[PDB]
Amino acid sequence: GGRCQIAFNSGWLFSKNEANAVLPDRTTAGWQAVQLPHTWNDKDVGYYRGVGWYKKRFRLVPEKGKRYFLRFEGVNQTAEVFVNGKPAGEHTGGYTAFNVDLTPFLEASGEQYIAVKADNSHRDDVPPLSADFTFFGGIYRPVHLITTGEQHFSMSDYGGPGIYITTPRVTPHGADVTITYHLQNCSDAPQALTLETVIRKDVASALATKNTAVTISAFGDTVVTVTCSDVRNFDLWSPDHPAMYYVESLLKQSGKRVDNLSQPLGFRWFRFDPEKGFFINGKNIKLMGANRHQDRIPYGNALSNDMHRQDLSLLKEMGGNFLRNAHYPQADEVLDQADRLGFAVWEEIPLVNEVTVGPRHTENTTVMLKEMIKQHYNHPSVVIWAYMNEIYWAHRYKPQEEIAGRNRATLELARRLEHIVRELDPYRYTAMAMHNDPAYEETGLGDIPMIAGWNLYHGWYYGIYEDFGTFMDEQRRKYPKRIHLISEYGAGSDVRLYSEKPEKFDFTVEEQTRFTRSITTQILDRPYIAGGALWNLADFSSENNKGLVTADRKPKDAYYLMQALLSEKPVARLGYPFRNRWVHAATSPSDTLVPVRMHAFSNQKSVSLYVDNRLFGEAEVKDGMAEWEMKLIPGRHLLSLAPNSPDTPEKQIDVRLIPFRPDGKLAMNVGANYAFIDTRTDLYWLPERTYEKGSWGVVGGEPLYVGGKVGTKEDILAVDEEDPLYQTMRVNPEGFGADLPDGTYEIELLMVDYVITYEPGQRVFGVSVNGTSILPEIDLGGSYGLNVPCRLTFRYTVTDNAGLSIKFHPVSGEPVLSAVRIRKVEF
């Protein structure tokens, strides 16, 4: 036999507080037992950035003629490896694999010890220098023990496989395949070898076989190129039809195999056109898909291969055919699944936000680019290599004196990296992701890669949705020879927030759906936009509710929207997967019904809604959605798209009416038109309502807008789940009224000052109830602090048919109010 590879994940010990573990040390008290993948930042997300030590003892008797390697799939950010007390290898860069040769350091006794010093603290010379994703530290990807013979495919070529496959000619009826081999001989004698190259669909069928003789001098290495000309009878690879092959490579000495290594192969040719976009195998197709971050709360980035497959499966069932690996190279499993499932892939190294001037940052960046290209060279799913994302974002934060020099270093580094891609891989495109900032225009940076990618957020971070088409049409107009691609577009959503009046940045489900519908449509309407990737597949941990699915991978409405917009299978399903409750405060004493707007995601011409299995109405689908306006009797109801479906269970909903004249047998989110449904105890906070005589609601005031967006987006201190309640508010309300019957009520007022910072004597006011003084003075900025919530809870007894009148008494500045709850209690 030839090459052996097993997992090396088990039996490790970890400590965040060890000073030095280089020398063999049997101590384990105080160390944490871990099984890789591991990150030490899975829970503390500031989060700990620093040194962490791993150590392990293991048994391995070195046999004659064998070589032993460790392959680390990923250590963030730098690693130093020590075997039996001796330095054995180091690596810089948290996103690419590396190999360590154990053989020089093994004990003949078989008793081995290894330690790894990992460090994820900031280094000016190692990107990512800053970004809005977490830099989880540790050995967060698996580790493998590899045994080979002393003649083997190289282990020292930037962590790549040492086997590099190229298809310089591909037609439907034949192709040329060239395979470039890096071979190493570790023995002290010259050696004569044979190299068997087989192109296979599977173990029983081969499409081409080649046999190559090679002789290597003692301690030698050599590069040999093998060509399979005019291969035939293959299927072409495309996202739609991802026909996959592989190259079996057997290195033999004396007819006995001494190494072996299979690599993927797909047959395809492709190009990008400025007017019509992406063509693969002569066919024009729209690339629509998603970015995907390699993290999942509460596990950090220490993900199982099962999790990788689940993610990419979700993308494929969405109808996606396009995958951007966020800002870094990802696990082999991810690329294997893309080959297998059918995604065209954009992969980049993590030069994000900013650049460090100088040759150390240049060198580390160059090495990382070569590692990515070499390590993922053979994946047919990859069509784009990139190397900078939003590289000017941090200009706003830098001293203006540095800006000229940073632009010069950015231009110079981009040209070096562009040149390296084009030399290492002439058969893929280069790209860069830019964003809505004038520095790209002004420096001409977008002229350097083959593809101009734009991260655009019109209607979310700036402007309105239609400004997206305006922006892209103007780019196409200025640059009719560029290839345009939307590398990021998306809006956020909290699956507890719902509004019949969604608005920019409110984080409601409906707002994300409308954003996603508009931009995707505007992309579909434009052939010159080669494609688009939603930011982001799933909610992730950042600095982040931007996913089409939740952190634990459950689809939101927007996911089903994209499935209706993208899938070729027929699609028709109800929206609101995370909502089952509707509550409506009556707008007049004669109200008896709850208004319920329902929607479905479909690619059919029309769809019909059934209530309790009786037809409600047929509705026309436009841009992936159908919609019905229902007025329902309060109670439970079943919704469905067919009557008495034989295979689809109905959706159960619960709709309630609050009477116009309340009795408190009353929860309101002030300052916002969305409901907040608190999942801990099923507590439904209503959208705001102004008080009117005979009813209940807030009196006076203005809704808070900050930077032109509703409410504050700052983190509300001291509470986790209730931030969307506190973040919206009325400024300068006179109070709150409710025409309650006589009785005793528990009353809650939620209040917070918006941008620990203390601002005394700035915002002070009193609260009274029916002339009774409750809190003579609340100093929100002073005694609590900016972003520190204040929850005033108390009981009051309404007497003499007075109703309930809560009054604010300004002392300094203006009162604020974020939410109100009123409950009837017995006493």
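All residue numbers are counted from 1 along the displayed sequence.
In the deposited entry, the stretch joining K665 to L666 is interrupted by 4 to 9 residues of the deposited sequence lacking coordinates.
Coordinates are absent for 10 or more residues of the deposited sequence placed between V755 and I756. Higher mean CA temperature factor, per the PDB entry, when comparing 379-387 with 654-662: 654-662. The PDB entry reports B-factors from which the mean C-alpha value can be compared for 772-780 and 33-41; the larger average falls on 772-780.
Looking at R340, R71, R514, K201, the one whose CA carries the top B-factor in the deposited record is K201. Taking the deposited Cα B-factors for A819, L13, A19, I806, the highest one is held by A19. Among the modelled residues of its chain, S695 has a C-alpha B-factor that falls in the middle third, as given in the PDB entry. When the CA B factors of the chain's modelled residues are split into thirds, the value for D235 lands in the middle one. Per the deposited record, the Cα B-factor of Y54 falls in the lowest third when ranked against the other modelled residues of its chain.
In this PDB entry, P438 carries a Cα temperature factor that places it within the highest third of its chain's modelled residues.
When the CA B factors of the chain's modelled residues are split into thirds, the value for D132 lands in the highest one.
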